[PDB]
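For reference, the chains in residue letters:
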Amino acid sequence: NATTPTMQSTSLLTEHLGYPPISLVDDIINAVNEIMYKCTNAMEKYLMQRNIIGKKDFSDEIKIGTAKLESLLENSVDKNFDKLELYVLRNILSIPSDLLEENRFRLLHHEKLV
Amino acid sequence: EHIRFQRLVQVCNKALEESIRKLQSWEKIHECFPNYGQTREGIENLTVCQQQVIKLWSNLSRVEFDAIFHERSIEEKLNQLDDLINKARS
Amino acid sequence: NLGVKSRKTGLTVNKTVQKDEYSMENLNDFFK
């Protein structure tokens, strides 16, 4: 069910999950960014100890190339994972109308007990 | 009937595949190293990067997200939530 | 905030009806 987030959903889902819906999104965005930089850093050092081919030194070109790649992922990742942030909060951690029109509270409270 | 978690896996994978696609193109890779990539050894070295970076990208992200999905029991919370809206609609 | 505003870029889901199937809106169209 596709739906716009509401405060009840955030309040109910926070209670079902034990954490706000966004916390899971934070763990993902934060995680993929750490990987991003871990890859670029690993790629620059692979090249810097290979910066001299024949008799010429490409150190300058590598720094600019590695950086000029990094920033392109910073944009594409920030782009593609904000859509994630949106697609999740709207379709996954989502609420229909059937449940906040007539008490979702019954079934969550029902869940935690019986 | 359990359908929401598989989505979470589909949307994560979908965001990663798109996040890396510009690095799967040998052209844009060479554009960042035009002079270095005009040497034989340079071409060999760049090939070793994109193919290993991509593998590193895929593996690191696969292992953390599977871990994050475990530390927050999201597969179960969502399976509980999928089979729970069904009991409510019934 | 959390409905259309991406915290760090604000990408409004302004793609009209999107495309609903299987009780959810499909990724393919959503991510382009």
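Parameters at a glance
Residues numbered from 1 in each chain as written, not as in the entry; some residues may be left out. Chains lettered and ligands numbered in written order. Heavy atoms only, no water. Axes fitted to C-alpha atoms, helices over the stretch in contact; angles between N-to-C directions. Helix = DSSP H or I, 4+ residues; strand = E, 2+ residues; numbered from the N terminus. Parallel < 35°, antiparallel > 145°, perpendicular 65-115°, else oblique. Left-handed = near helix turned anticlockwise from the far one by under 90°. Contact = heavy atoms within 4.5 Å. Nonpolar A, V, L, I, M, F, W, Y, C, P; charged D, E, K, R; others polar. Buried area = accessible area lost by both parts, 1.4 Å probe. Salt bridge = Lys/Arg side-chain N within 4 Å of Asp/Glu carboxyl O. Polar contact = N/O pair within 3.5 Å; in protein donor to acceptor, adjacent residues only side chain to side chain.

The name that the PDB entry assigns to chain B is KLLA0E05809p, with the source organism given as Kluyveromyces lactis. According to its PDB record, this entry is titled "Structure of the MIND Complex Shows a Regulatory Focus of Yeast Kinetochore Assembly".

The PDB entry lists chain A under the name KLLA0F02343p, with Kluyveromyces lactis given as the organism.

(A) How the structure looks around the packing of helix α1 (residues 7-17) of chain A against helix α4 (residues 74-89) of chain B. Interaxial distance between α1 of chain A and α4 of chain B falls to 10 Å at its minimum, and their mutual angle equals 125°. By the angle class used here, α1 of chain A and α4 of chain B are oblique. Here α1 of chain A and α4 of chain B pass one another in a crossing that is right-handed. Across the interface between the two elements, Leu13, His16 and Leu17 of chain A of α1 of chain A pack against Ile74, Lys77, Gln80 and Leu81 of chain B of α4 of chain B. Per-class residue counts for the contact of α1 of chain A with α4 of chain B are 4 nonpolar, 2 polar and 1 charged.

(B) The arrangement of the interface of chain B and chain A in detail. Listed per partner, the contact involves 42 residues of chain B and 46 residues of chain A. Taken together, both faces of the contact between chain B and chain A bury some 4,300 Å²; the carbon and sulfur share is 73%. Ranking the residues of chain B by area buried against chain A places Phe33, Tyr36 and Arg72 of chain B at the top, with a combined share of 15%. Across the pair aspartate 27 of chain A and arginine 72 of chain B runs a salt bridge whose closest N-O atoms are separated by 2.5 Å. Counting the contacts that link chain B with chain A gives 11 residue pairs in polar contact. Counting residues per element, the ones that place at least two in the side of chain B that touches chain A are α1 (4-24), α3 (40-71) and α4 of chain B. Looking at side-chain class alone, the side of chain B that touches chain A contains 27 nonpolar, 7 polar and 8 charged residues.

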